[PDB]
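Enquirer: Provided hereafter are the protein sequence and its experimental coordinates.
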Amino acid sequence: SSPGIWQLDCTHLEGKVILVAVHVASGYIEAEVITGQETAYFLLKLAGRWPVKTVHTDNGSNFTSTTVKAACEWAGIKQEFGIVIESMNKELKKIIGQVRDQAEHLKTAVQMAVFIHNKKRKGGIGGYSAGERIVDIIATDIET
Amino acid sequence: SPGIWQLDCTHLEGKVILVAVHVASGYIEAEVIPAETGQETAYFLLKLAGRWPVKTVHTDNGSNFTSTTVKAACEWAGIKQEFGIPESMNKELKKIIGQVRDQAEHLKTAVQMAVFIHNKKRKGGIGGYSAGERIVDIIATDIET
Ligand SMILES: Cc1ccc2oc(C#Cc3cccc(C(=O)NCCOCCOCCNC(=O)c4cccc(C#Cc5oc6ccc(C)cc6c5CC(=O)O)c4)c3)c(CC(=O)O)c2c1
């Protein structure tokens, strides 16, 4: 339920690395091609617009980065180890496939792929998209 | 004022800060972008419209109308561009950056630090809702239809 849990993981394509944050409760994601500085900055930018409370990671890299440790402290985020995404860096890989032609730089193509994911109906028809649903989840938690 | 944004450039430490403002909420998003308005300005908006609903984008100078790349980005993402930007958040954003500038090496971070603060403060102490609170309520509301 919690409106501010996320997962974080990397994924590689065309030699460059793609950091991916997924809001678990909704499936809304954000991504970017990238250091621990980069991730720290990435997280700072993310915490600065969504409720980013706890970040789950599946390896130890992030718990060694000084800046990251400084970012979470500054923004008030709990790193957690432990844990949807492998089912979801493959869709992103799929969508990036259909757009890579449209983009000079890989980095535009990811954001295109991001665009698609958050805008399309999660159900393929009717209901909400992920971008709508994250907003809905958050709206319902403040009025608490 | 559902998906209406306003766009502007601000300057400090010999760098260019692009600033997107959601009109009805005061919600802001910014980034360090080149003097040249073009590819990276188009990239900024693509990411922006991936995060939020973005239908219209106002400006009151011609820079955003000079770039082939920006025109395609708005075309690709379904945005509308309109001249005339009918705000001064740049006044207080620079104040906060000045406040938090010591706590980071890169101006970049300080900016995102200031962005963070501007969008999260109010309902604070009393207040009612911050920009970030306001944008979410506006959007969640509109989706009702
Ligand atoms: C407490 C705490 C917490 C967290 C923290 O974190 C950090 C950090 C950091 C850091 C790390 C390393 C470098 C730098 C840096 O100094 N950084 C300079 C500048 O950085 C800003 C700019 O960054 C580069 C972005 N550049 C682009 O995006 C780009 C470039 C070129 C082209 C394009 C494009 C496009 C595009 O768009 C389109 C849209 C639509 C369509 C149809 C087409 C297109 C196209 C074209 C295409 O089709 O391809 C984009 C900063 C700190 C800092 C500290 O520890 O004290 C910190 C501290």
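Expert: That came through, no problem. Numbering: from 1, shown residues only, chains lettered A, B, ... in the order given.
Enquirer: can I get the helix or strand hosting residue A:55 in CSV, CA atoms only?
Expert: Using DSSP states H and E, residue A:55 maps to strand A:54-57. In CSV, the C-alpha atoms belonging to strand A:54-57 read as follows (Å, rounded to 0.1, in the frame of the first residue of the first chain):
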residue,chain,number,x,y,z
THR,A,54,12.3,3.6,1.2
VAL,A,55,14.5,2.3,-1.6
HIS,A,56,15.0,-1.4,-2.0
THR,A,57,18.2,-2.6,-3.8
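Enquirer: run me through the strand neighbours of that strand, direction for each.
Expert: If you go by DSSP bridges, strand A:54-57 pairs up with strand A:5-13 (parallel), strand A:78-81 (parallel).
Enquirer: of all these, which one comes closest to residue A:46?
Expert: Counting by C-beta to C-beta, residue A:46 lies closest to strand A:5-13 out of those; the figure is 7.7 Å. Just so you know, the C-beta spots here come from the backbone N, C-alpha and C atoms, and that holds for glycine as well.
Enquirer: how about whatever helix or strand comes next after that closest one: buried residues?
Expert: Once strand A:5-13 ends, the next helix or strand along the chain (criterion: DSSP H and E) is strand A:16-23. Neighbour-count burial for strand A:16-23, with 16 or more other C-beta atoms under 10 Å in any protein chain shown as criterion, is recorded at A:18, A:19, A:20, A:21, A:22, A:23.
Enquirer: strand A:16-23 packs against which elements?
Expert: Counting contacts by 3 or more C-beta pairs under 8 Å, 6 or more residues apart in numbering or on different chains; DSSP states H and E, strand A:16-23 is packed against strand A:5-13, strand A:29-33, helix A:36-47, helix A:89-99.
Enquirer: what angle do the second one and helix B:39-51 make?
Expert: It stands for strand A:29-33. If you take axes from the mean of the first three to the mean of the last three C-alpha atoms, to 10 degrees, strand A:29-33 sits at 160 degrees to helix B:39-51.
Enquirer: who's in contact with the residue positioned nearest the centre of chain A?
Expert: Nearest to the mean C-alpha position of chain A, by C-alpha atoms, centre = their mean, lies residue A:21 at 1.9 Å. Applying C-beta atoms under 8 Å, 6 or more residues apart in numbering or on different chains to residue A:21 gives the contacts A:6, A:7, A:8, A:29, A:30, A:31, A:42, A:43, A:46, A:55.
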